[PDB]
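In what follows, a structure is listed as structure tokens, so that the remarks can point back to it.
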Amino acid sequence: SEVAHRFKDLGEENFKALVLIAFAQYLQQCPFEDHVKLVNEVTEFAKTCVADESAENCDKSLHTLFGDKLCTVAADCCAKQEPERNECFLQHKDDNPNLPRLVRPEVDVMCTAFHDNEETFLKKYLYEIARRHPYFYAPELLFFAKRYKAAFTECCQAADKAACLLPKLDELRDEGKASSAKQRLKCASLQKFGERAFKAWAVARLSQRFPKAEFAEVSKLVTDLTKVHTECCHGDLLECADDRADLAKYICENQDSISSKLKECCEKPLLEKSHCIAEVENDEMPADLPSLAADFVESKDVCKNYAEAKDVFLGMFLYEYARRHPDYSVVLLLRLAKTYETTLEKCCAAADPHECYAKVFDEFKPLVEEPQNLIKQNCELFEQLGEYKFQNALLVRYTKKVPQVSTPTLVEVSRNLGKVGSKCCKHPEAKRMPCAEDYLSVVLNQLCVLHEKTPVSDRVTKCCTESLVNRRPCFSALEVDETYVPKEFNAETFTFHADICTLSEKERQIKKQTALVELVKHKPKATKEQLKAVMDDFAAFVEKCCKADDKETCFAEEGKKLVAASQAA
Ligand SMILES: CC[C@@H](Cc1c(I)cc(I)c(O)c1I)C(=O)O
Ligand SMILES: CC[C@@H](Cc1c(I)cc(I)c(O)c1I)C(=O)O
Ligand SMILES: CC[C@@H](Cc1c(I)cc(I)c(O)c1I)C(=O)O
Ligand SMILES: CC[C@@H](Cc1c(I)cc(I)c(O)c1I)C(=O)O
């Protein structure tokens, strides 16, 4: 009885939550009520399996159980059986579900609902989250749930609940969206590029983090993590949550053989412990570490070792190069690994290989500097314009690259691409590349998945498909789509109403940004100057209507003066 196994290990709480998360991510459209029913129903059945391990169906598997459950409230997916049926659910996971933006009422009401029904209040949380992020790292979502409870606990007992809650909640929202995106990458990596890609990625990341840990150690960790994330990404949340616990235990047990900064983490409760490790800063770099050239360039036994065990040898190279380069991004370390392999392929087949792969590090030079210079450039640019103007530049640039992409997607992705400026440019050159280029891997992966649903640009498709590691370079190389035929103007697209006078300031900028995109799509050839020339005028167009009492008309009357000058430029 698998159900019993998981129940005993995780307890009633986590089990309940994890099961809720699972259902919400599968049937994101079904309402909260229908889900809680199914959860309790499954939980009650789970209990009759812990002691009575031979009760009917306790022998069955988690998919069969969960599947038969969901199919009682859904249609073609339920027409299938094992494997088939399950996978059918996974393929129908929506990354951009048409769901009503989650608004949160006055501080007073939420506290009443929380103090009144606390268990339901938190369940409602997981459900609304899990359904808008079908690939959320489940075990981590539990950690956030706790902090969510801890926020209301304190703040609902304060003089000014508002000034206490709102911040803690804004900070949770962000940290949550960031976590969701990091995970979504892990899943895309596994599903779209396979176990090898993810493993290589994990080895580089872990090598950097745990430069003192031996290769055999890192490799053992990578293998476990793969299992965990394979399970989480496929919906095996119970098995994931369990295995993740096992791993975190193993890591705190072998602290000495891994990292000297796990001390803090291993003293905390499970949830806090797991979250602590995944965020632990890199360990110190071992003192006297030999030059990489000795074993991977100068040695005359290279092509032999490469032939003997390619994947192990290259793995060793990556582990060895990453551990001594925390200043390099993970994707860069991989580019170097691909470049190294490719060279061995060529050279090991030649007459004198040793002098074929003699000047290999000279091939790295260009790959190392490209990121460095682009970083340096875009930071100084960012420093002179600020986050807002900087986002605009990216809006215009990326809209020129791939005009076919939907405006909502462009605005989101660009805005996110711009946040890299504030996140990373503050750091010293030493920690810049990891922060920057890896964060862009996540943002670009967002663009890819959202595109994958409804493809409209082969340039997005290409850059998204042919290499995970080269995604960013591939995109930077793009300039202007020359085959793109500009779209004509649509009245409804350039109609500024008074409703924009109640939106926040951010909500207003996002409307001024959504417009800029539509403009570029109409005149891609237009110049950065001519655009700013009208962009400035767009600000004036609205700094009037909302300031003309008792005239809803303004939106149209002034809108005429707007479009008029618009068609001009
Ligand atoms: C800004 C919307 C977020 C959802 C979200 C999250 I994640 C965590 C908390 I706390 C929230 O209040 C909210 I709203 C998203 O759609 O990514
Ligand atoms: C290397 C994988 C993760 C970090 C990580 C680690 I190290 C340990 C546990 I347990 C986790 O759940 C996670 I996520 C990353 O670097 O993105
Ligand atoms: C480095 C120059 C910018 C160009 C640019 C563009 I295109 C549109 C607007 I509006 C701008 O303010 C700017 I500066 C870029 O290519 O990233
Ligand atoms: C040319 C810059 C790259 C992306 C990039 C990089 I690399 C570093 C920083 I700092 C950024 O803000 C950004 I945007 C691109 O847009 O193609």
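Letters A, B, ... mark the chains of the structure tokens in the order given; residue numbers begin at 1 per chain; ligand numbers begin at 1, in order shown.
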
> If you count only C-alpha atoms and all ligand atoms, which residues end up within 6 Å of ligand 2, as a PyMOL selection string?
Replying inline: chain A and resi 202+205-206+244+247-248+274+277-278

Generate a file of the selected residues that holds N, CA, C and O atoms, formatted as a PDB file, in the first residue's frame.
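So the final result, stored in part_11.pdb, reads:
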ATOM      1  N   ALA A 202      22.921  20.725 -12.793  1.00  0.00           N
ATOM      2  CA  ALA A 202      22.996  20.532 -11.349  1.00  0.00           C
ATOM      3  C   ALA A 202      24.439  20.431 -10.875  1.00  0.00           C
ATOM      4  O   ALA A 202      24.796  20.981  -9.835  1.00  0.00           O
ATOM      5  N   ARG A 205      26.060  23.957 -10.789  1.00  0.00           N
ATOM      6  CA  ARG A 205      25.498  24.736  -9.690  1.00  0.00           C
ATOM      7  C   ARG A 205      26.019  24.253  -8.336  1.00  0.00           C
ATOM      8  O   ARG A 205      26.438  25.052  -7.500  1.00  0.00           O
ATOM      9  N   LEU A 206      25.991  22.942  -8.125  1.00  0.00           N
ATOM     10  CA  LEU A 206      26.421  22.370  -6.857  1.00  0.00           C
ATOM     11  C   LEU A 206      27.927  22.485  -6.652  1.00  0.00           C
ATOM     12  O   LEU A 206      28.391  22.693  -5.531  1.00  0.00           O
ATOM     13  N   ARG A 244      12.543  14.603  -0.870  1.00  0.00           N
ATOM     14  CA  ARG A 244      13.219  15.859  -0.571  1.00  0.00           C
ATOM     15  C   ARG A 244      13.613  15.918   0.895  1.00  0.00           C
ATOM     16  O   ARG A 244      14.702  16.376   1.236  1.00  0.00           O
ATOM     17  N   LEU A 247      16.626  13.729   1.446  1.00  0.00           N
ATOM     18  CA  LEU A 247      17.839  14.389   0.963  1.00  0.00           C
ATOM     19  C   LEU A 247      18.354  15.452   1.930  1.00  0.00           C
ATOM     20  O   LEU A 247      19.551  15.513   2.217  1.00  0.00           O
ATOM     21  N   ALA A 248      17.447  16.290   2.425  1.00  0.00           N
ATOM     22  CA  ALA A 248      17.818  17.358   3.350  1.00  0.00           C
ATOM     23  C   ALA A 248      18.414  16.780   4.630  1.00  0.00           C
ATOM     24  O   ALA A 248      19.333  17.353   5.217  1.00  0.00           O
ATOM     25  N   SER A 274      14.956  22.658   4.766  1.00  0.00           N
ATOM     26  CA  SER A 274      15.018  22.453   3.325  1.00  0.00           C
ATOM     27  C   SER A 274      15.206  23.777   2.595  1.00  0.00           C
ATOM     28  O   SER A 274      16.102  23.917   1.764  1.00  0.00           O
ATOM     29  N   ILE A 277      18.801  25.328   2.919  1.00  0.00           N
ATOM     30  CA  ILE A 277      19.845  24.710   2.113  1.00  0.00           C
ATOM     31  C   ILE A 277      19.807  25.187   0.665  1.00  0.00           C
ATOM     32  O   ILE A 277      20.824  25.584   0.101  1.00  0.00           O
ATOM     33  N   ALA A 278      18.619  25.153   0.073  1.00  0.00           N
ATOM     34  CA  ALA A 278      18.447  25.540  -1.322  1.00  0.00           C
ATOM     35  C   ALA A 278      18.887  26.979  -1.588  1.00  0.00           C
ATOM     36  O   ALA A 278      19.069  27.377  -2.738  1.00  0.00           O
TER      37      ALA A 278
END

>> At a cut-off of 6 Å around ligand 4, and using only C-alpha atoms and all ligand atoms, what residues come up? Please write them as a PyMOL selection string.
In response: chain A and resi 371+374-375+378-379+417-418+420-421+425+436-437+475-476

Output N, CA, C and O atoms of each residue in that selection to a file, as a JSON list (two decimals), in the first residue's frame.
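Now in again-v2.json:
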[["chain", "number", "residue", "atom", "x", "y", "z"],
["A", 371, "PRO", "N", 29.59, 37.67, -22.30],
["A", 371, "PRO", "CA", 28.71, 37.99, -21.17],
["A", 371, "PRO", "C", 29.22, 39.20, -20.39],
["A", 371, "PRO", "O", 28.44, 40.09, -20.07],
["A", 374, "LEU", "N", 28.53, 42.57, -22.31],
["A", 374, "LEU", "CA", 27.11, 42.86, -22.34],
["A", 374, "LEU", "C", 26.60, 43.26, -20.96],
["A", 374, "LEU", "O", 25.84, 44.22, -20.84],
["A", 375, "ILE", "N", 27.03, 42.54, -19.94],
["A", 375, "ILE", "CA", 26.70, 42.90, -18.56],
["A", 375, "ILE", "C", 27.14, 44.33, -18.28],
["A", 375, "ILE", "O", 26.33, 45.19, -17.93],
["A", 378, "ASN", "N", 25.02, 46.95, -20.29],
["A", 378, "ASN", "CA", 23.64, 47.09, -19.84],
["A", 378, "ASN", "C", 23.47, 47.61, -18.41],
["A", 378, "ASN", "O", 22.43, 48.18, -18.07],
["A", 379, "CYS", "N", 24.49, 47.42, -17.58],
["A", 379, "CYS", "CA", 24.45, 47.96, -16.23],
["A", 379, "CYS", "C", 24.64, 49.48, -16.25],
["A", 379, "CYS", "O", 23.86, 50.21, -15.64],
["A", 417, "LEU", "N", 12.76, 41.20, -17.61],
["A", 417, "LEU", "CA", 14.13, 41.32, -18.10],
["A", 417, "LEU", "C", 14.79, 42.57, -17.53],
["A", 417, "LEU", "O", 16.01, 42.60, -17.33],
["A", 418, "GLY", "N", 13.99, 43.59, -17.26],
["A", 418, "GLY", "CA", 14.50, 44.85, -16.75],
["A", 418, "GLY", "C", 14.84, 44.81, -15.28],
["A", 418, "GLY", "O", 15.74, 45.51, -14.82],
["A", 420, "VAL", "N", 16.43, 42.73, -13.84],
["A", 420, "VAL", "CA", 17.78, 42.21, -13.69],
["A", 420, "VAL", "C", 18.72, 43.34, -13.33],
["A", 420, "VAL", "O", 19.70, 43.15, -12.60],
["A", 421, "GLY", "N", 18.42, 44.54, -13.83],
["A", 421, "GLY", "CA", 19.22, 45.71, -13.56],
["A", 421, "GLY", "C", 19.33, 46.00, -12.08],
["A", 421, "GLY", "O", 20.43, 46.19, -11.55],
["A", 425, "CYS", "N", 23.02, 44.60, -11.05],
["A", 425, "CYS", "CA", 23.97, 45.68, -11.33],
["A", 425, "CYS", "C", 24.58, 46.29, -10.07],
["A", 425, "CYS", "O", 25.63, 46.93, -10.13],
["A", 436, "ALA", "N", 23.17, 37.84, -13.09],
["A", 436, "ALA", "CA", 22.56, 38.35, -14.31],
["A", 436, "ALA", "C", 22.14, 37.26, -15.28],
["A", 436, "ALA", "O", 20.95, 37.09, -15.56],
["A", 437, "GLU", "N", 23.12, 36.53, -15.81],
["A", 437, "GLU", "CA", 22.85, 35.59, -16.90],
["A", 437, "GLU", "C", 21.95, 34.43, -16.49],
["A", 437, "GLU", "O", 21.17, 33.94, -17.30],
["A", 475, "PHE", "N", 19.16, 34.85, -28.44],
["A", 475, "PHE", "CA", 18.23, 35.98, -28.41],
["A", 475, "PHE", "C", 18.94, 37.32, -28.61],
["A", 475, "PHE", "O", 18.46, 38.17, -29.36],
["A", 476, "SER", "N", 20.07, 37.50, -27.95],
["A", 476, "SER", "CA", 20.87, 38.72, -28.10],
["A", 476, "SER", "C", 21.26, 38.94, -29.56],
["A", 476, "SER", "O", 21.35, 40.08, -30.02]]

> Which residue, A:175, A:529, A:59, A:53, has the smallest gap to ligand 1 when you use only C-alpha atoms and all ligand atoms?
Replying inline: A:175

> In Å to one decimal, how far is CA of residue 354 (chain A) from CA of residue 318 (chain A)?
Replying inline: 20.1 Å

> Given a cut-off of 7 Å, what residues near ligand 3 show up using only C-alpha atoms and all ligand atoms, put as a list in words?
Replying inline: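 Checking only C-alpha atoms and all ligand atoms against ligand 3 at 7 Å gives residues 381, 389, 390, 392, 393, 394, 396, 397, 528, 531 and 532 of chain A.
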
> Mind listing the residues within 9 Å of ligand 1, only C-alpha atoms and all ligand atoms counted, as a PyMOL selection string?
Replying inline: chain A and resi 101-104+125+128-130+132-133+144-145+148+168-180

Write the residues you've just listed into a file as an mmCIF file, in the first residue's frame, and include C-alpha atoms for each of them.
data_model
loop_
_atom_site.group_PDB
_atom_site.id
_atom_site.type_symbol
_atom_site.label_atom_id
_atom_site.label_comp_id
_atom_site.auth_asym_id
_atom_site.auth_seq_id
_atom_site.Cartn_x
_atom_site.Cartn_y
_atom_site.Cartn_z
ATOM 1 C CA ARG A 101 -6.405 38.302 -10.971
ATOM 2 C CA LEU A 102 -6.228 37.602 -7.236
ATOM 3 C CA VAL A 103 -7.380 40.716 -5.391
ATOM 4 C CA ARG A 104 -6.993 40.892 -1.614
ATOM 5 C CA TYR A 125 -4.102 30.010 -0.113
ATOM 6 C CA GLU A 128 -5.165 29.746 -5.419
ATOM 7 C CA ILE A 129 -1.378 29.488 -5.665
ATOM 8 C CA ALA A 130 -1.027 25.911 -6.889
ATOM 9 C CA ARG A 132 -1.898 29.584 -11.027
ATOM 10 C CA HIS A 133 1.495 27.894 -10.821
ATOM 11 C CA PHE A 144 5.555 29.530 2.201
ATOM 12 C CA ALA A 145 2.211 28.442 3.645
ATOM 13 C CA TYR A 148 1.842 33.037 5.383
ATOM 14 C CA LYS A 168 5.225 40.925 4.651
ATOM 15 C CA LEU A 169 2.711 39.890 1.992
ATOM 16 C CA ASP A 170 4.186 41.892 -0.875
ATOM 17 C CA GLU A 171 7.546 40.361 0.000
ATOM 18 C CA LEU A 172 5.992 36.892 -0.009
ATOM 19 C CA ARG A 173 4.331 37.470 -3.378
ATOM 20 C CA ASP A 174 7.653 38.376 -5.006
ATOM 21 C CA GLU A 175 9.710 35.644 -3.339
ATOM 22 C CA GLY A 176 6.939 33.287 -4.437
ATOM 23 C CA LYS A 177 6.946 34.324 -8.085
ATOM 24 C CA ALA A 178 10.739 34.064 -8.162
ATOM 25 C CA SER A 179 10.608 30.569 -6.691
ATOM 26 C CA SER A 180 7.926 29.507 -9.161
#

>> as a count of residues only, please: the residues near residue 335 (chain A) (cut-off 8 Å, only C-alpha atoms, same-chain neighbours under 2 positions excluded).
In response: 9

>> Can you pull out every residue from region 250-395 of chain A that DSSP, working from the backbone, puts in alpha helix (DSSP H), and format the result as a VMD selection string?
In response: chain A and resid 250 to 253 270 to 277 293 302 to 308 310 to 322 330 to 347 361 to 385 387 to 395

>> Excluding residue 310 (chain A) and its own-chain neighbours fewer than 6 positions away, which residues fall within 10 Å of it when counting only C-alpha atoms? Please give them as a PyMOL selection string.
In response: chain A and resi 303-304+316+341+344

Saved selection, atoms kept: N, CA and C atoms, as a PDB file, in the first residue's frame:
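Result written to again-v4.pdb:
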ATOM      1  N   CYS A 303      42.507  12.001 -24.405  1.00  0.00           N
ATOM      2  CA  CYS A 303      41.598  11.314 -25.316  1.00  0.00           C
ATOM      3  C   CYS A 303      41.319   9.881 -24.878  1.00  0.00           C
ATOM      4  N   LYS A 304      42.253   9.295 -24.138  1.00  0.00           N
ATOM      5  CA  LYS A 304      42.067   7.949 -23.612  1.00  0.00           C
ATOM      6  C   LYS A 304      40.966   7.949 -22.561  1.00  0.00           C
ATOM      7  N   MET A 316      33.633  15.436 -14.741  1.00  0.00           N
ATOM      8  CA  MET A 316      34.746  15.836 -13.890  1.00  0.00           C
ATOM      9  C   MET A 316      35.292  17.199 -14.293  1.00  0.00           C
ATOM     10  N   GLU A 341      34.139  19.490 -25.044  1.00  0.00           N
ATOM     11  CA  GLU A 341      33.753  18.205 -25.610  1.00  0.00           C
ATOM     12  C   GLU A 341      33.948  18.203 -27.119  1.00  0.00           C
ATOM     13  N   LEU A 344      37.419  17.774 -28.161  1.00  0.00           N
ATOM     14  CA  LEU A 344      37.924  16.418 -27.976  1.00  0.00           C
ATOM     15  C   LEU A 344      37.418  15.493 -29.072  1.00  0.00           C
TER      16      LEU A 344
END
